[PDB]
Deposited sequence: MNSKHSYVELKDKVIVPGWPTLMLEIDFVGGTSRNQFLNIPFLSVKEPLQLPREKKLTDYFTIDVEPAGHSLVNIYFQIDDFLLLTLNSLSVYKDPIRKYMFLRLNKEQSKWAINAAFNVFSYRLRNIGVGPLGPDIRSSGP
């Protein structure tokens, strides 16, 4: 059964893990992390499934390997939020392109996004 990866896993001021979905024919903040995620050079361990949840809503379902589950829980700012089976709810403005592509994913990736000038200061 799939558990919701809630908004509280985003903590302003910290760096961000961004999910980035390229559709056939979209960035999503995934996890605030204590430091950048870096796999060893030249190395997926999570599946994504884009599914409709409404007349203009989409959810993203995740299957995350034990290996990446531990690395993410290690790196995460909020405490141990990552489970094996999860989902994110997109809002209508975000769901738009997923709907128009009929949920057909060309490619996805996970990127590190730094913090801006006032970064450490928002953390207090």
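- In this chain the deposited sequence has gaps in the coordinates at 1 to 5, 31 to 37, 56 to 58, 140 to 142, listed in sequence order.
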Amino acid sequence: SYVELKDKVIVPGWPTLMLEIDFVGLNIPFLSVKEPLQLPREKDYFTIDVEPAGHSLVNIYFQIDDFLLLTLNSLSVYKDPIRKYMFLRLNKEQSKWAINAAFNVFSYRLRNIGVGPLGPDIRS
From here on, numbers count along this sequence of modelled residues.
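- Comparing the deposited coordinates for 27 to 35 and 52 to 60, the stretch with the larger average C-alpha B-factor is 27 to 35.
- Comparing 115 to 123 with 2 to 10, the higher mean C-alpha B-factor in the PDB entry belongs to 115 to 123.
- Placement of the Cα temperature factor of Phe87 within the chain: lowest third of the modelled residues, per the deposited record.
- When all modelled residues of the chain are sorted by CA temperature factor, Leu75 is found within the highest third.
- Among the modelled residues of the chain, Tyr45 sits in the highest third by CA temperature factor in this PDB entry.
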